[PDB]
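Let us start with two forms of the same protein chain, each given on its own as structure tokens and named structure 1 and structure 2.
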Structure 1
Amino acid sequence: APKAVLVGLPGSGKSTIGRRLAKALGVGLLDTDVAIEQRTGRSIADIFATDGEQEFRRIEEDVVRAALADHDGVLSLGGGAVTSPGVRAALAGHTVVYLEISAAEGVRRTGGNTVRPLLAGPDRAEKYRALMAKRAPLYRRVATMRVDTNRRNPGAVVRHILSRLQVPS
């Protein structure tokens, strides 16, 4: 089972923190979005476009649950996985690091050409605020450590992580 599960909105640093925390802990990183693409042979965008979000969430839940059982390193969950009650259930007992980010920073960090079915223009900031407002309690409900990625150098936030995993609380 994972040493740590990372959750948070798109732009919260899951891929990069993932990478640094994993190196620090000395194991592999698995991103459940990547795992979904590997298992299905499909892009996430095609699943959303052609089959819809609800089908995506069921697939995702299955993959997340498998990963929680079979992966031994750092696991990063796609931003919306926590909207699935079964995903929340499966996370019980695990170490769950919530990467918290404000809307301004998250919006800036997600504005390139990455395809994002649930975060595409116009009014991307409005869409980001809506995801944040809805998902905030869900992230909080599952997390065991929360770290602020707004301003600290990643390498830093991670220190809050390696150190924090190690001592009581």
Structure 2
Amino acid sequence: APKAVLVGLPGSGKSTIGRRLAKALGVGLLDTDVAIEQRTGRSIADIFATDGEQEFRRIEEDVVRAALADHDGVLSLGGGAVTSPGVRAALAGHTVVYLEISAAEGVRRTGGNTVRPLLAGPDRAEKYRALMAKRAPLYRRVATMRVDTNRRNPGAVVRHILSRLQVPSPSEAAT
């Protein structure tokens, strides 16, 4: 079972924190979005377009269940997995770390390298705030560890998580 399943919105630093965390623990990193493409031979977009959302969500659910069963390291969950009731069921009992950010932090962090994001018009930011309103409540439901990642460096976020994922040395009996 994973040492940690990471969840959060775009902008939360999920990819960089996942890698860093796996590095510090010395464990494997498995990303469910990448795993779906590796198991199907098709892009996320292709599956959506041709089989439809519900079927994408069944395929993802299967992948996530397998990963929770078989992976021992860090599991980075794709952004919409938690909309699936079966995913939220399958997560129960696991260690689930929610990289929590505000709507405003997220907007700022997903603007890219352009210097004047407001000039492209409000639609991208509006769609981002909508997503957060739909996903955030689901992430708070499934979390076992919430981590405030607003204006914190990824290094400090990794330390925070490691301080709360400690494993005692085994007893002589255990050995």
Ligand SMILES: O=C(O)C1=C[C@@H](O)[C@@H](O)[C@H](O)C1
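Here the rigid core means the biggest group of C-alpha atoms that line up within 1.5 Å when the two forms are laid on top of each other. Counting starts at 1 with the first residue of structure 1 and goes up one by one along its sequence.
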These are two forms of one chain. I'd like to know which is the form deposited with the named molecule bound. 1
After superposing on the rigid core, which residue among 67, 36, 107, 143 shows a C-alpha displacement of 2 Å or more between the two structures? 107
Superposed on the rigid core, does the Cα of residue 118 end up 2 angstroms or more away between the two structures? yes
How much does the C-alpha of residue 52 move between the two structures, in Å, given a rigid core overlay? 2.1
